[PDB]
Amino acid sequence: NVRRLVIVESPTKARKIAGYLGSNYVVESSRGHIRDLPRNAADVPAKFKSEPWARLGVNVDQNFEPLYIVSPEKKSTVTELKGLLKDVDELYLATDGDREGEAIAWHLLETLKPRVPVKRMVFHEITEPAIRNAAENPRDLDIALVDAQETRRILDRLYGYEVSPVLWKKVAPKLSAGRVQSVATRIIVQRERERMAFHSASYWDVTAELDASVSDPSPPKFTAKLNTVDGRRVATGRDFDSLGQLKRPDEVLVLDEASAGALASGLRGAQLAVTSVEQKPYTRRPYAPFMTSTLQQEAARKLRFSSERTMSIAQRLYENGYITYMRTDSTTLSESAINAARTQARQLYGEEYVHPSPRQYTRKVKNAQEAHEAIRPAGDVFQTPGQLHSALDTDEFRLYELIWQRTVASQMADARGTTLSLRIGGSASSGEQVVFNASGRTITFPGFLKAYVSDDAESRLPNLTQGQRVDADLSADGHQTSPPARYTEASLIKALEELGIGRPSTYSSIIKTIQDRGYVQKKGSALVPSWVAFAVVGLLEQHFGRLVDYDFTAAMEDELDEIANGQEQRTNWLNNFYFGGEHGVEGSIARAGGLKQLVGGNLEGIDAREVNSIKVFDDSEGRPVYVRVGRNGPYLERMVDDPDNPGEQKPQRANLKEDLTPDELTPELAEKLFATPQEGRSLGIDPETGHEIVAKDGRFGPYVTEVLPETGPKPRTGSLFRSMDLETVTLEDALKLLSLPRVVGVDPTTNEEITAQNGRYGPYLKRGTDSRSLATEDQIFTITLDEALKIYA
């Protein structure tokens, strides 16, 4: 009888472990990590902070020795474990079977400093057998796995706190760069460039409702569509030559409003024959059970939930004991879960809808770690979703309903059906051998679909015969080729998973991180990159390309495996990565000279002007169009010929609205934004000359000016009256101010001219150098020469 102390990661797991292991057992939780590198200069411990150069938390010159400090929030949890350790016999470290949990075991060892024998308890599924077997057969700490966790923690540290300060001095302050986020942002930027270089092509489709009811009128209504016409096929959106114009034009034929509109009008009905009929039975295999990435994607598709929202719900379900661990990267179900899954389906849906052999899904993810089982309902027997409606919330129920269906459907039979593919041929009345086509699908055996819901896109039909006579409602609609869709929260995560980037505990947080730093804007349900993202990604692609390559994360994992099995030393690769060496793999940083040289030796050699200047296209005249970033808001800029200095080009600029997306900045919109007024409000165009009149605010007062096309004439100005306002003045009021110096006539006494204007002190007329005041703004236009002479003498 030995009293053993057990330390797990999740507190709700600690309750279940303490239930399986009884009296002589004390199970407590650590709530994740207890130590980590100091995040800022404040977290650095007083002694080791003030003296050396520990901004990185890894004094690299001293053999990459990390600086671990205990979290102040967990500082009360660490002291709680030290007190319980002095009253037990042995210490079991029961962290997850991942390389992060192994480090947590080591960190608990180096912090508590146990003067007591220690053993390593590991387990995948959390059940009574799995934990009793694990507690009876412990293990030893894997130092090679712990050092592989420190290698990546320092790697993400050197990547982070050494490259992001380059962005500060070359893009904008407080920005960030990383191994995980910079690739996701590069993905969003690269996808946006695909839309910014995508040219659309317009085509016309012709829908038709086939009237085959004169054959067999045994409900029936069938719709069809045209496929080809003689040696020319109906061009669709599939001829974009990968987001361009078109390719292979001899096989297809483009359709416009008049060309396709003639085929629908050339034959309302026609004597057509069935050239081919072919039906075939199809199948559809079920989906693997839920891991974290697949749950976040299907919650967004079927429930319109967000990653941050989905995980908050699943946390409630897990902590209350309704599902298993939601942060998982494995689709494996435990033997108890499979027995619960097949019994639940056999009892409810029946024995016919189950599967003979238990279905195992072994499609592993790139550099997965397999520490937990798939997200599935808790308990040795699954509680039906209807048996939990009284306790669950609205969001809790819908999510548990989606999780329960996924687990059960993963063990049910395949779906068997049959599709219908019929082709219609013949000739046209105008003189063309047109050929139509219509495809349909019909389900037969549901199987797993009885608990799930386009594997069942249906288009019912009646009957037909090969070579039977059919008769042809007609409509010709036009379409344009659509650009490749942007990334959502789901489509981005599945993109990172295909690259081995991110972990179940970071998916929902990557979205929040790239948003809270201006790199991406969430336009409803799509991730739109900003111009800062184009500048940050544009910089990293040209000076740290190996760091932002999609294979870089896979190249790191292959290097951490040689440290996990014990073939390569921990410090060796970090030394080569940070300082260099001819032992590079392909085009690695070691073959480049090390990250330190790639940062300190490039600060002098980065052109922030070209980095913040993002050329989008060339205008109709061939001049390049840039997008300056950081210069007090993003705006357009281009170098045009200068009127005063010949040769030396002058830049014209146009402020860009913050709500404009990068793919919407077309050359047609660019020149229209250049013609917009600089800082004033535009009033209109004067028909007498053709100049645009605007109302600005200058050094003296609110005035009105014309613009000139780039004798040598000056721009005519005119200061508005006291009765006018800067935003209320019209083009009419302006056009009067532009000719305000009005010569009411010459005075015969002194030969001088009399002109009426308006100044600071209201309206006034001047008799050469003598000027008298007026009492009405409108009277400078109604003043006669006679009335002006009566007061001037």
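One-based numbering along the sequence shown.
Novice: Relative to the deposited sequence, how many residues with no modelled coordinates occur between residue 277 and residue 278 (none, 1 to 3, 4 to 9, 10 or more)?
Specialist: Per the record, no deposited residues are absent between residue 277 and residue 278.
Novice: Quick one: classify how much of the deposited chain lacks coordinates between residue 218 and residue 219, choosing none, 1 to 3, 4 to 9, or 10 or more.
Specialist: The entry has 1 to 3 unmodelled residues between residue 218 and residue 219.
Novice: Can you let me know which of the two, 700 to 708 or 241 to 249, has the higher average C-alpha B-factor in the entry?
Specialist: Of 241 to 249 and 700 to 708, the stretch with the higher C-alpha B-factor average is 241 to 249.
Novice: Please compare 416 to 424 with 365 to 373 and say which has the higher mean C-alpha temperature factor in the record.
Specialist: Mean B over CA atoms: larger for 416 to 424.
Novice: Of 494, 583, 301, 169, which one's C-alpha B factor is largest in the deposited record?
Specialist: By C-alpha B-factor in the record, 583 ranks first.
Novice: Using only the C-alpha B-factors in the record, can you name which of 590, 105, 654, 326 has the highest?
Specialist: When the deposited C-alpha B-factors of 590, 105, 654, 326 are compared, 590 is largest.
Novice: Is the Cα B-factor recorded for residue 53 in the lowest, middle or highest third of its chain?
Specialist: CA B-factor rank for residue 53: highest third.
Novice: In terms of the chain's CA B-factor thirds, is residue 43 lowest, middle or highest?
Specialist: As the PDB entry reports it, the C-alpha B-factor of residue 43 lands in the highest third of its chain.
Novice: C-alpha B factor of residue 92, ranked within the chain: lowest, middle or highest third?
Specialist: It belongs to the lowest third of the chain when residues are ordered by C-alpha B-factor.
Novice: Split the chain's modelled residues into thirds by Cα B-factor; is residue 791 in the lowest, middle or highest one?
Specialist: Highest third of the chain for residue 791's C-alpha B-factor.
Novice: Determine, from the deposited record, the chain-internal third of the Cα B-factor for residue 751: lowest, middle or highest.
Specialist: CA B-factor rank for residue 751: highest third.
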